[PDB]
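Peer 1: these chains are from a complex, not moved at all, and more is on the way:
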Amino acid sequence: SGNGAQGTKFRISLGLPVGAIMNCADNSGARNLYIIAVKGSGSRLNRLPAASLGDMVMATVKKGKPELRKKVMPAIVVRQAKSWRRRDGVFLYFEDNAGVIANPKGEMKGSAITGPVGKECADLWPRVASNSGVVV
Amino acid sequence: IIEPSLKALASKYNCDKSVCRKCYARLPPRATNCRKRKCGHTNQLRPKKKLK
Amino acid sequence: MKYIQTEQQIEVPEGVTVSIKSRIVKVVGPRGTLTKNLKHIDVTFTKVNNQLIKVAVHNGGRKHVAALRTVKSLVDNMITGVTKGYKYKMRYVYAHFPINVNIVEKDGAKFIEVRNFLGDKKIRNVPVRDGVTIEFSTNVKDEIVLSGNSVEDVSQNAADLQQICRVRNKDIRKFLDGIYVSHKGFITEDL
């Protein structure tokens, strides 16, 4: 969810807590992303705010082209690699985590996306679907 | 459409009042005290500020 | 100061009659009949000249004597209700959004429907009490008329419609729109 995330998303399994490392899915020059927080989280003692498919989070680049480092930058999750249940009755998951760089307004700094993109992310974020590749 | 004939009537209940400075309550323009008890039936009342 | 005796004189017009039982009062007139219970004030009544009814209080304090006059006020105020009738007129105030006010009957409720007030999509319904009727002004735009034979029933129904149109989280001194009392008149055109 969050600002600019028009429409709503059905809840799915949370499989990306604070401190996860995610492969860089888009051609922004980065190699991995380090999740520091998630948008629209809760407040409970000793609970890591976790992320999921289609969610937008801010993640630093622990390993990538230099001036993409040492600073916070929001991103959008395109793969989860964690079994989540759709309404249609399927328990599916991806091969690995993947995220795409995106400013808070919702558009993408990158140009293209490599690998499958969950349609729970394409539907929720229109610009991700604009620059998406494989759709599930 | 302004029709200021009813503005003097609409403002009769909205603006033409007085306010007690401590309790911040609406009072009649000619009231000498405040009807509430939290403020303590005060003597000082400020007129409602006019527009602009 | 424990006033020894205080009195007021009620004048009874020849067109109506008033019935007294202990502290229950009923008036009978051409327009109708209303009854009020005044057992919560502890006043005394007396009939002397048919058209004159005298209210008295013996050994009453200052606060209690203040209630003596209001007993006369309400009794005399409903005397004109049963004799002349009461007619309150409202006017509709708005800046950009016209207000639609109608009368709608839902299961015999006589609800006053308010639509498009400040552009609000929510509907506003105000019940019409017993003995009060609502009419529209002649050849004058956006003016409702509340015609009733009672004093408190008409006036309370009048205020209820006024207070149903409020402004939420805005500047009161700028958005003057709503609905307000314009004229407190009687049913009788001459009086």
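Peer 2: Sure thing, it's come through. Numbers count the residues shown, from 1 in each chain, chains lettered A, B, ... in the order given.
Peer 1: quick check: residue B:26 touching residue B:19?
Peer 2: Yes: shown here, residue B:26 and residue B:19 form a contact pair, counting by CB atoms under 8 Å, at 6.6 Å. C-beta coordinates here come from the backbone N, C-alpha and C atoms, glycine included.
Peer 1: so what sits against both of these two?
Peer 2: residue B:48 (CB atoms under 8 Å, 6 or more residues apart in numbering or on different chains).
Peer 1: find the residue closest to the residue of chain B found nearest chain C in space, skipping its chain neighbours.
Peer 2: Nearest residue of chain B to chain C (CB to the nearest CB) works out as residue B:10 at 4.0 Å. Spatial nearest neighbour of residue B:10, excluding adjacent residues (CB to CB, 6 or more residues apart in numbering or on different chains): residue C:176 at 4.0 Å.
Peer 1: and that neighbour, what does it touch?
Peer 2: With the criterion set at CB under 8 Å, 6+ apart, residue C:176 makes contact with B:7, B:10-11, B:14, C:93, C:95.
Peer 1: do the same with residue B:42
Peer 2: Contacts of residue B:42 by CB under 8 Å, 6+ apart are B:20-23, B:33-34.
Peer 1: what is the nearest of those to residue A:21?
Peer 2: Residue A:21 lies nearest to residue B:23 out of the contacts of residue B:42, by CB to CB, at 59.0 Å.
Peer 1: the closest one reaches residue B:33, doesn't it?
Peer 2: No: Residue B:23 lies out of contact with residue B:33 (CB under 8 Å); the separation is 11.4 Å.
Peer 1: what is the neighbour count of the residue of chain B closest to chain C?
Peer 2: 21 (other CB atoms under 10 Å in any protein chain shown).
Peer 1: doesn't it lie inside a strand?
Peer 2: No: per DSSP: H, G, I helix; E, B strand; the rest coil, residue B:10 lies outside any strand segment and is helix.
Peer 1: show me how the record splits chain C into domains.
Peer 2: Chain C breaks down by CATH domains of a matching chain into domains covering C:1-85, C:86-191.
Peer 1: filter the contacts of residue C:176 to the buried ones?
Peer 2: Buried members of the contacts of residue C:176, scored by 16 or more other CB atoms under 10 Å in any protein chain shown, are B:10-11, B:14, C:93.
Peer 1: and which of these is nearest residue A:6?
Peer 2: Minimum distance to residue A:6 across the buried ones among the contacts of residue C:176 is 38.0 Å, recorded for residue C:93 (CB to CB).
Peer 1: kindly incorporate the sequence below as RNA strand D:
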RNA sequence: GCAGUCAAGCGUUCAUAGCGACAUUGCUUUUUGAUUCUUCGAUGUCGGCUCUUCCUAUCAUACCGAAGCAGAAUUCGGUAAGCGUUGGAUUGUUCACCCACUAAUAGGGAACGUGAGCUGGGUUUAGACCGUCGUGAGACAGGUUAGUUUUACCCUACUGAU
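Peer 2: Same chains as before, plus RNA strand D:
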């Protein structure tokens, strides 16, 4: 630490929209003091994790009032704790400063709640190193490293059962 009253003035023009000098009246026992009354045949001393309840001087949510409230945003106040007040880097840390989310990251009490609930990171025996002091043995809120933490098979209280 908190809350008033008066009131010169600030507030473009105006004492109280919001502030408010010079003085002055009280509240609080989560600061720190002073006293030394209980306890030195001894009531286990800091902090952190876990958990329950209570109080409100309400941070957010509910309903309202006032503005130098045109909307938005904000600011001041009233009934109100019913409900919610977080995740991390540093530090033992109380405290504090930052990163970030969030409607918000409000203050607190209950033997400075809680060790026969836990840990022993710190201060606090004994080993040892450095600096200052001492002729010396040794002294320092100094700095640093290593340093066994025991019992409920009782009564009540609570949780379940006859």
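Peer 1: in light of the added RNA strand D, please revisit the neighbour count of residue B:10.
Peer 2: Residue B:10: 21 neighbours (other CB under 10 Å).
Peer 1: contacts only, for the spatially most central residue of chain B.
Peer 2: Nearest to the geometric centre of chain B sits residue B:17, at 2.1 Å (CA atoms, centre = their mean). The contact partners of residue B:17, by CB under 8 Å, 6+ apart, come to B:26-29, B:47-48.
Peer 1: counting neighbours, which of the residues you listed comes out on top?
Peer 2: Neighbour-wise, the contacts of residue B:17 (other CB under 10 Å) top out at residue B:27, 21 neighbours.
Peer 1: for the closest residue to chain B within chain C, helix, strand, or coil?
Peer 2: Nearest residue of chain C to chain B: residue C:176, at 4.0 Å (CB to the nearest CB). What three-state DSSP gives for residue C:176 is coil.
Peer 1: what are the phi and psi angles of residue 2?
Peer 2: Using chain A. Per-residue torsions, residue A:2: phi 100, psi 180 (degrees, to the nearest 10).
Peer 1: my question was about chain B
Peer 2: phi -100, psi -50.
Peer 1: next up, the contacts around it.
Peer 2: Per CB under 8 Å, 6+ apart, neighbours of residue B:2: residue C:95.
Peer 1: what parts of chain A come near chain C?
Peer 2: Nowhere does chain A come near chain C, counting by CB under 8 Å from any CB of the partner chain.
Peer 1: mind checking how far the residue in chain A sticking out farthest from the centre is from residue C:148?
Peer 2: No residue in chain A sits farther from the centre than residue A:45, which is 24.5 Å out by CA atoms, centre = their mean. Note on residue A:45: its distance to residue C:148, by CB to CB, to the nearest Å, is 62 Å.
Peer 1: would residue C:74 count as being in a strand?
Peer 2: No: read with three-state DSSP, residue C:74 is helix and lies in no strand.
Peer 1: what's the burial count for it?
Peer 2: 16.
Peer 1: I'd say residue C:26 and residue C:35 touch.
Peer 2: Yes: with contact defined as CB under 8 Å, residue C:26 reaches residue C:35; the gap is 4.2 Å.
Peer 1: how close does the residue farthest from the centre of chain A sit to chain B?
Peer 2: 39 Å (CB to the nearest CB, to the nearest Å).
Peer 1: and residue A:117, by the same measure?
Peer 2: 54 Å.
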